[PDB]
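Asks: Before anything else, here's the structure in question.
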Amino acid sequence: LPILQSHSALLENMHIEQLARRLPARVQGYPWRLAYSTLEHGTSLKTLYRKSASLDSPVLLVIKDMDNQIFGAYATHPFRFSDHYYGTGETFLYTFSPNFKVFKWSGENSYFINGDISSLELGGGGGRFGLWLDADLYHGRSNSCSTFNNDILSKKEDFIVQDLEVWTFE
Amino acid sequence: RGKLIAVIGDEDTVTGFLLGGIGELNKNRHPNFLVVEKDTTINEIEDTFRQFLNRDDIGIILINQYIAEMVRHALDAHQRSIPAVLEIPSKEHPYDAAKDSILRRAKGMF
Amino acid sequence: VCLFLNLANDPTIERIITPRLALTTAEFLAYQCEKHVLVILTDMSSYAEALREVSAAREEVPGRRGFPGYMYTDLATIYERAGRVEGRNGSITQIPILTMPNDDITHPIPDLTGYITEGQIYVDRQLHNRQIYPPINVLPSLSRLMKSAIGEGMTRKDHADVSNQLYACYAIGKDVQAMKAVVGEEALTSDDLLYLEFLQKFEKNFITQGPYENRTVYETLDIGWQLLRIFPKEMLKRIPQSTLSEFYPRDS
Amino acid sequence: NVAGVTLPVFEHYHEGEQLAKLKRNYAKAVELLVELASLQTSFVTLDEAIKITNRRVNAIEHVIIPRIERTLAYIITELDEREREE
C-alpha cells in the first residue's frame with residue numbers, strides 16, 4: 001500500500017503514508033524520484049532550478065527547519081524562473097505540526113507558484129506568502145496567504161532551513 | 001530567399017533529389033543538376049563542378065562518390081567552407097567508405 | 001595596550017629609537033611578567049628612510065639600491081626580538097607592516113624582510129578598488145607556521161581541512177571566472193557554475209568583514225562551512241571522510 | 001558560436017501511393033543531407049580557427065615572451081652598471 005521511493009531522508013514512513021493519501025489522481029501509483037536534495041547536491045536555489053529544468057511532471061517540496069518541523073508544498077509544475085505566477089488549483093501547502101494538515105486552494109486567487117533569481121515562493125494576496133525561500137535556501141518565511149488560507153507552516157513565521165528536498169513523480 | 005542545393009549524379013539520383021523538391025533553373029536558364037550519362041567526357045564533370053563551386057546561389061553540392069573520384073583533383077582543391085560538397089553513395093557502385101575529401105582533415109583521429 | 005607614536009616631522013633619530021623602546025617594553029612584559037605580547041610595528045618602510053638618513057650623516061657611501069649595506073643586520077636586530085623561551089610562560093609575536101613602492105615585492109625592504117620573517121599577509125589594490133574590506137588577497141598570502149597554531153586543543157579539529165579546501169575552491173573559482181570571458185557562460189559545466197557561485201559568496205561573506213565586526217575562529221570556521229555546503233560532498237577532495245561526516249551536515 | 005568563433009550552419013525550409021512513398025523516402029534523405037552539410041561547414045570552419053589559435057599560443061611561448069625576458073635581463077644588468085659608476 002505505501003508508495004515506492006528510489007531513496008529517502010527528510011520523510012519517515014508515517015509521513016509517506018499521510019502524504020500519499022492526499023496526492024492527486026495525476027500522481028497516484030507512480031514511483032517517487034529525488035530530483036534535488038540539499039544533502040545530495042549541495043545547498044543553493046540555482047542548483048534547485050538547474051536540477052528541476054529538465055522536468056515535465058508535478059513535484060513535492062519537503063523542508064525541515066532548524067526547529068525540526070516538516071512542511072512544504074505539492075506543486076503542479078516544476079520550480080522554474082517565471083515573470084508571472086504559474087500553477088493550477090491542485091497545488092497545496094502542507095505541514096506536520098506535529099499532526100498532518102493540508103491547505104488546498106481557497107478559490108480566491110491563482111497566485112500558486114512564483115520563482116525569481118533570488119527567491120522561490122508560493123501563494124499571494126497582498127504582501128503575504130504561504131512559503132518564501134531565499135537564494136541560499138537558508139532563510140525562509142511563512143505566513144497565512146489567501147491563495148491557501150494556510151497556518152504558519154514552520155514553528156515560526158521566520159525560519160532557517162535545516163535541509164530541503166524536491167521529489168518528482170516519474 | 002536562401003541558397004539552393006545542387007546535384008551532380010547518375011540519372012537515377014537526379015530523379016531522386018528532384019522528386020525530393022530540390023533545385024530550380026535560374027532566370028538565365030542555367031540548370032541546377034548534372035547527369036553523368038555513360039559516354040560523358042571527363043572534363044564535363046569538372047566544367048560544371050567549377051561553375052557551381054564559384055556561383056553565389058548554390059549552398060550544397062551533392063555528388064555521387066564515383067564521379068567525385070573522376071575529379072578528385074578539382075574536388076580536394078576546395079579549401080573553403082562556402083558550398084559544402086557531400087560525397088553521397090550510388091546504386092550498384094559500392095557505398096561511401098574511406099577516400100572522402102573532407103573527413104581526411106582528422107587523419108590521426110577518426 | 002602600550003602605544004608609541006612617532007610623527008612624520010618628529011626627529012629622525014626618534015624613529016630609530018621607536019622600535020627599540022617598543023621591543024624593550026615587550027621583552028620586560030613577556031620574559032619577566034610572563035605575558036603573551038603582540039607587537040605591531042607600523043611602516044618599517046618609514047623606519048628604513050630614517051636609517052638611510054643617519055647612515056648619510058655618518059658620511060657612509062650609499063649601498064645596494066641606495067639603502068645601507070648593513071640594513072639586513074639592522075632589520076634582523078628588530079625582527080628576532082620575538083619567540084617563546086624555555087621556562088617562562090610569556091611570548092612575543094610580531095606583525096611588521098610595510099609599504100612597497102610600485103607595488104614591487106623585489107625592493108630591498110620587503111625582500112630582506114622576507115628572508116627574516118616566516119610568512120606574508122598581502123593587501124591588494126584590486127580588492128580595494130572593488131570596494132571590498134579588508135582587501136586581503138589569500139592566494140599569494142602564506143603563514144609558514146599555521147600547522148603549529150591550529151587543530152584539536154588549539155582551535156578546532158577541522159581547521160586545517162577547511163583552510164585547505166577554501167584555498168582550493170578559490171584558486172579554481174578565479175580560473176573558471178577567467179575562462180567564462182573566453183568560452184561564454186553557456187559552455188560552462190554544472191561544476192563550473194558551482195565554483196562561480198562559491199567565488200561570489202566567498203568574497204561577500206568570508207573575506208568581506210566590517211571594521212568593527214569581530215569574529216572568533218569558531219565563527220570564521222562556521223562561515224567557512226556555510227560556503228563549503230554549496231558543493232556536493234564528493235567535490236570536497238581536500239577534506240577526509242571523518243571531517244565531512246562530523247561537519248558537512250547542518251544540525252539543530 | 002564556439003569560444004567567440006562564429007560557425008556557418010544551414011536550415012532547411014520548404015516552399016499514386018508508390019510515388020507518395022518515393023516522395024517520403026527521398027524527403028527524409030534531404031533531411032540527413034542538409035544536416036550533414038551543417039556539420040561539414042562547421043567542421044571545415046572550426047579546423048581553421050584551431051590552427052590560427054595554436055599558432056598564437058606557440059608565437060607567445062617561443063617568440064614574444066623570450067624577447068621580453070631578454071629585454072628585462074638587459075635592464076637589470078645596465079642598472080647594476082649605473083650603480084657601480086655612481
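Residue numbering restarts at 1 in every chain; chains get A, B, ... in the order shown in the C-alpha cells, and ligands count up from 1 in that same order.
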Enumerate, in order of chain and increasing residue number, the residues of chain C with an atom no farther than 10 Å from chain D, each with its shortest atom pair and distance in Å to one decimal, counting only C-alpha atoms, as a tab-separated table.

Replies:
```
residue	atom	partner	partner_atom	distance
C:61	CA	D:86	CA	9.9
C:62	CA	D:86	CA	9.4
C:63	CA	D:83	CA	9.1
C:64	CA	D:83	CA	7.8
C:65	CA	D:83	CA	7.9
C:66	CA	D:83	CA	8.9
C:179	CA	D:3	CA	9.5
C:180	CA	D:3	CA	9.4
C:181	CA	D:3	CA	8.9
C:182	CA	D:3	CA	5.7
C:183	CA	D:3	CA	4.1
C:184	CA	D:3	CA	6.6
C:186	CA	D:2	CA	9.9
C:187	CA	D:3	CA	8.2
```

Asks: Write out as JSON, numbers by chain every residue belonging to chain A that has an atom at most 8 Å from any atom of chain C, counting only C-alpha atoms.

Replies: {"A": [39, 40, 41, 42, 43, 44, 66, 67, 68, 162, 163]}

Asks: Take the selection from the previous step and output its residues with N, CA and C atoms, as a PDB file, in the first residue's frame.

Replies:
```pdb
ATOM      1  N   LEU A  39      21.271  17.775   0.814  1.00  0.00           N
ATOM      2  CA  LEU A  39      22.168  16.789   1.395  1.00  0.00           C
ATOM      3  C   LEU A  39      22.879  15.906   0.347  1.00  0.00           C
ATOM      4  N   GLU A  40      22.359  15.828  -0.879  1.00  0.00           N
ATOM      5  CA  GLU A  40      22.959  15.108  -2.011  1.00  0.00           C
ATOM      6  C   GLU A  40      23.722  16.023  -2.969  1.00  0.00           C
ATOM      7  N   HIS A  41      23.215  17.230  -3.208  1.00  0.00           N
ATOM      8  CA  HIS A  41      23.593  18.072  -4.347  1.00  0.00           C
ATOM      9  C   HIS A  41      24.197  19.417  -3.953  1.00  0.00           C
ATOM     10  N   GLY A  42      24.427  19.657  -2.668  1.00  0.00           N
ATOM     11  CA  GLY A  42      24.811  20.969  -2.163  1.00  0.00           C
ATOM     12  C   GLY A  42      23.632  21.934  -2.095  1.00  0.00           C
ATOM     13  N   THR A  43      23.789  23.026  -1.361  1.00  0.00           N
ATOM     14  CA  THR A  43      22.686  23.916  -0.979  1.00  0.00           C
ATOM     15  C   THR A  43      22.690  25.214  -1.786  1.00  0.00           C
ATOM     16  N   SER A  44      21.940  25.312  -2.889  1.00  0.00           N
ATOM     17  CA  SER A  44      21.592  26.616  -3.474  1.00  0.00           C
ATOM     18  C   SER A  44      20.340  26.601  -4.342  1.00  0.00           C
ATOM     19  N   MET A  66      15.244  24.391  11.241  1.00  0.00           N
ATOM     20  CA  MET A  66      16.123  24.196  12.397  1.00  0.00           C
ATOM     21  C   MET A  66      15.388  23.861  13.702  1.00  0.00           C
ATOM     22  N   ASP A  67      14.069  24.026  13.772  1.00  0.00           N
ATOM     23  CA  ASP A  67      13.238  23.567  14.891  1.00  0.00           C
ATOM     24  C   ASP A  67      12.657  22.166  14.639  1.00  0.00           C
ATOM     25  N   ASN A  68      13.125  21.491  13.588  1.00  0.00           N
ATOM     26  CA  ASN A  68      12.781  20.149  13.147  1.00  0.00           C
ATOM     27  C   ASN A  68      11.358  19.978  12.611  1.00  0.00           C
ATOM     28  N   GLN A 162      16.909  23.750   7.740  1.00  0.00           N
ATOM     29  CA  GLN A 162      17.919  22.774   8.103  1.00  0.00           C
ATOM     30  C   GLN A 162      18.290  21.950   6.885  1.00  0.00           C
ATOM     31  N   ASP A 163      17.322  21.429   6.136  1.00  0.00           N
ATOM     32  CA  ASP A 163      17.545  20.768   4.851  1.00  0.00           C
ATOM     33  C   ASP A 163      16.249  20.722   4.036  1.00  0.00           C
TER      34      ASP A 163
END
```

Asks: Within 6 Å of chain D, which residues of chain B show up when using only C-alpha atoms, listed as a ChimeraX atom specification?

Replies: /B:20,81,84

Asks: Find the distance between atom CA of residue A:75 and atom CA of residue A:57 and write it in Å to one decimal.

Replies: 9.4 Å

Asks: For a test of reading the model, state the distance in Å between atom CA of residue A:52 and atom CA of residue C:222, rounded to one decimal.

Replies: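 For atom CA of residue A:52 relative to atom CA of residue C:222, the distance reads 29.2 Å.
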
Asks: Using DSSP on the backbone, list every residue of stretch 92-208 of chain C that comes out as alpha helix (DSSP H), and give them as a ChimeraX atom specification.

Replies: /C:108-116,125-129,146-149,159-183,190-201

Asks: Within 7 Å of residue A:114, counting only C-alpha atoms, which residues show up once you throw out same-chain ones fewer than 5 positions away? Write them as an NGL selection string, please.

Replies: :A and (82 or 84-86 or 120-122)

Asks: Please give the complete set of residues from stretch 2-167 of chain A that DSSP, run on the backbone, assigns to strand (DSSP E), formatted as number ranges by chain.

Replies: A: 32-37, 59-65, 70-75, 92-96, 100-104, 113-116, 119-122, 131-134, 139-141, 158-167

Asks: For those residues, write C-alpha atoms to a file as a short mmCIF file (atom, residue, chain, number, x, y, z; two decimals), in the first residue's frame.

Replies:
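Contents of again04.cif, as written:
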```cif
data_model
loop_
_atom_site.label_atom_id
_atom_site.label_comp_id
_atom_site.auth_asym_id
_atom_site.auth_seq_id
_atom_site.Cartn_x
_atom_site.Cartn_y
_atom_site.Cartn_z
CA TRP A 32 8.93 8.87 -6.43
CA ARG A 33 12.34 10.08 -7.73
CA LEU A 34 14.57 12.53 -5.84
CA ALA A 35 15.10 15.49 -8.20
CA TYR A 36 17.05 17.68 -5.71
CA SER A 37 18.30 17.36 -2.12
CA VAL A 59 6.72 17.92 -7.71
CA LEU A 60 6.64 17.58 -3.95
CA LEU A 61 8.71 20.01 -1.86
CA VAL A 62 9.86 18.88 1.59
CA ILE A 63 11.54 21.20 4.08
CA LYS A 64 12.90 20.59 7.55
CA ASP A 65 13.59 23.77 9.55
CA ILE A 70 8.44 19.21 8.44
CA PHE A 71 6.42 21.13 5.86
CA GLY A 72 6.27 22.12 2.21
CA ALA A 73 4.07 22.03 -0.86
CA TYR A 74 2.77 19.80 -3.60
CA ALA A 75 3.03 21.75 -6.87
CA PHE A 92 -1.41 22.62 -1.96
CA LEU A 93 0.66 23.53 1.11
CA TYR A 94 1.18 21.07 4.00
CA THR A 95 2.72 20.73 7.46
CA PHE A 96 3.23 18.17 10.22
CA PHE A 100 -0.62 16.44 9.48
CA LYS A 101 -2.55 19.39 7.93
CA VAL A 102 -3.04 20.21 4.23
CA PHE A 103 -4.12 23.61 2.87
CA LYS A 104 -5.73 23.18 -0.56
CA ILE A 113 3.98 29.49 -7.65
CA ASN A 114 6.43 32.34 -8.43
CA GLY A 115 10.20 31.87 -8.95
CA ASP A 116 12.85 34.63 -9.17
CA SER A 119 13.79 33.60 -4.30
CA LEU A 120 11.12 30.97 -4.63
CA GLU A 121 7.63 31.49 -3.23
CA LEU A 122 4.11 30.08 -3.10
CA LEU A 131 6.04 29.88 1.75
CA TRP A 132 9.06 32.02 0.65
CA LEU A 133 12.74 30.89 0.35
CA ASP A 134 15.93 32.92 -0.25
CA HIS A 139 16.26 31.98 5.34
CA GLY A 140 12.59 31.36 4.62
CA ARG A 141 9.24 32.81 5.72
CA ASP A 158 10.73 33.46 10.08
CA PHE A 159 12.80 30.27 9.90
CA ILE A 160 16.12 28.70 8.88
CA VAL A 161 16.11 25.70 6.50
CA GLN A 162 17.92 22.77 8.10
CA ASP A 163 17.54 20.77 4.85
CA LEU A 164 15.28 20.63 1.77
CA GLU A 165 14.23 18.12 -0.94
CA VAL A 166 12.30 18.17 -4.23
CA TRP A 167 10.69 14.91 -5.39
#
```

Asks: Skipping near chain neighbours, those fewer than 5 positions away, what residues fall within 12 Å of residue C:209 using only C-alpha atoms, listed as a list in words?

Replies: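 Non-adjacent residues within range: residues 131, 132, 133, 134, 135, 136, 202, 203, 204, 214, 215, 220 and 223 of chain C.
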
Asks: Keeping only N, CA and C atoms, write those residues as a PDB file, in the first residue's frame.

Replies:
```
ATOM      1  N   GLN C 131      35.870  47.807  -3.814  1.00  0.00           N
ATOM      2  CA  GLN C 131      35.188  48.235  -2.589  1.00  0.00           C
ATOM      3  C   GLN C 131      35.047  47.132  -1.524  1.00  0.00           C
ATOM      4  N   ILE C 132      35.893  46.100  -1.567  1.00  0.00           N
ATOM      5  CA  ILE C 132      35.968  45.052  -0.541  1.00  0.00           C
ATOM      6  C   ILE C 132      36.895  45.502   0.587  1.00  0.00           C
ATOM      7  N   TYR C 133      36.513  45.246   1.839  1.00  0.00           N
ATOM      8  CA  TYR C 133      37.356  45.439   3.017  1.00  0.00           C
ATOM      9  C   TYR C 133      37.206  44.264   4.004  1.00  0.00           C
ATOM     10  N   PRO C 134      38.281  43.810   4.675  1.00  0.00           N
ATOM     11  CA  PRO C 134      39.671  44.158   4.411  1.00  0.00           C
ATOM     12  C   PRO C 134      40.150  43.539   3.089  1.00  0.00           C
ATOM     13  N   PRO C 135      40.848  44.287   2.219  1.00  0.00           N
ATOM     14  CA  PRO C 135      41.282  43.806   0.913  1.00  0.00           C
ATOM     15  C   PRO C 135      42.532  42.915   1.007  1.00  0.00           C
ATOM     16  N   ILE C 136      42.428  41.805   1.730  1.00  0.00           N
ATOM     17  CA  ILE C 136      43.488  40.807   1.879  1.00  0.00           C
ATOM     18  C   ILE C 136      43.333  39.768   0.773  1.00  0.00           C
ATOM     19  N   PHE C 202      31.998  33.552  -1.277  1.00  0.00           N
ATOM     20  CA  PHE C 202      33.245  33.623  -0.522  1.00  0.00           C
ATOM     21  C   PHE C 202      33.699  35.068  -0.311  1.00  0.00           C
ATOM     22  N   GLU C 203      33.779  35.871  -1.370  1.00  0.00           N
ATOM     23  CA  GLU C 203      34.237  37.256  -1.261  1.00  0.00           C
ATOM     24  C   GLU C 203      33.254  38.163  -0.507  1.00  0.00           C
ATOM     25  N   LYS C 204      31.943  37.957  -0.651  1.00  0.00           N
ATOM     26  CA  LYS C 204      30.918  38.733   0.066  1.00  0.00           C
ATOM     27  C   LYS C 204      30.752  38.374   1.542  1.00  0.00           C
ATOM     28  N   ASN C 214      33.870  41.672  14.850  1.00  0.00           N
ATOM     29  CA  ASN C 214      34.863  40.762  15.426  1.00  0.00           C
ATOM     30  C   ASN C 214      34.345  39.327  15.360  1.00  0.00           C
ATOM     31  N   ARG C 215      35.031  38.438  14.642  1.00  0.00           N
ATOM     32  CA  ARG C 215      34.651  37.034  14.502  1.00  0.00           C
ATOM     33  C   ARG C 215      35.658  36.178  15.240  1.00  0.00           C
ATOM     34  N   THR C 220      34.509  32.166  12.259  1.00  0.00           N
ATOM     35  CA  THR C 220      35.207  32.086  10.981  1.00  0.00           C
ATOM     36  C   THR C 220      35.070  30.705  10.340  1.00  0.00           C
ATOM     37  N   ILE C 223      31.353  30.141   9.131  1.00  0.00           N
ATOM     38  CA  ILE C 223      31.177  30.848   7.855  1.00  0.00           C
ATOM     39  C   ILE C 223      31.878  30.079   6.735  1.00  0.00           C
TER      40      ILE C 223
END
```

Asks: For residue B:25, which residue out of B:62, B:6, B:88, B:67 is the nearest one, using only C-alpha atoms?

Replies: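 Looking at the shortest contact to residue B:25, the residue is B:6.
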
Asks: Tell me, as a PyMOL selection string, which residues lie within 7 Å of stretch 154-160 of chain C, counting only C-alpha atoms; anything in the same chain fewer than 5 positions away does not count.

Replies: chain C and resi 149+221+243

Asks: Include N, CA and C atoms and write out the residues we just selected as a CSV table (one decimal), in the first residue's frame.

Replies:
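Dumped everything to part-v3.csv:
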```csv
chain,number,residue,atom,x,y,z
C,149,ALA,N,49.8,26.3,15.0
C,149,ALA,CA,48.8,27.1,15.7
C,149,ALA,C,47.4,26.4,15.8
C,221,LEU,N,35.2,29.6,11.1
C,221,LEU,CA,35.1,28.3,10.6
C,221,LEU,C,33.7,27.9,10.2
C,243,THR,N,36.1,14.1,8.8
C,243,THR,CA,35.7,15.6,9.0
C,243,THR,C,34.4,15.9,8.2
```

Asks: Which neighbours of residue B:87 fall inside 6 Å, counting only C-alpha atoms, when residues of the same chain fewer than 6 positions from it are skipped, and could you give them as a PyMOL selection string?

Replies: chain B and resi 63-65

Asks: For those residues, write N, CA, C and O atoms to a file as a JSON list (two decimals), in the first residue's frame.

Replies:
```
[["chain", "number", "residue", "atom", "x", "y", "z"],
["B", 63, "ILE", "N", 27.29, 14.97, -54.69],
["B", 63, "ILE", "CA", 27.97, 14.29, -55.80],
["B", 63, "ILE", "C", 28.02, 12.81, -55.54],
["B", 63, "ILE", "O", 28.52, 12.45, -54.49],
["B", 64, "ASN", "N", 27.60, 11.93, -56.43],
["B", 64, "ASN", "CA", 27.79, 10.51, -56.17],
["B", 64, "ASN", "C", 29.28, 10.22, -56.09],
["B", 64, "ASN", "O", 30.00, 10.69, -56.95],
["B", 65, "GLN", "N", 29.79, 9.47, -55.12],
["B", 65, "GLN", "CA", 31.23, 9.44, -54.89],
["B", 65, "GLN", "C", 32.07, 9.03, -56.09],
["B", 65, "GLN", "O", 33.08, 9.65, -56.36]]
```

Asks: What does the distance between atom CA of residue C:16 and atom CA of residue C:82 come to in Å, to one decimal place?

Replies: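 For atom CA of residue C:16 relative to atom CA of residue C:82, the distance reads 18.3 Å.
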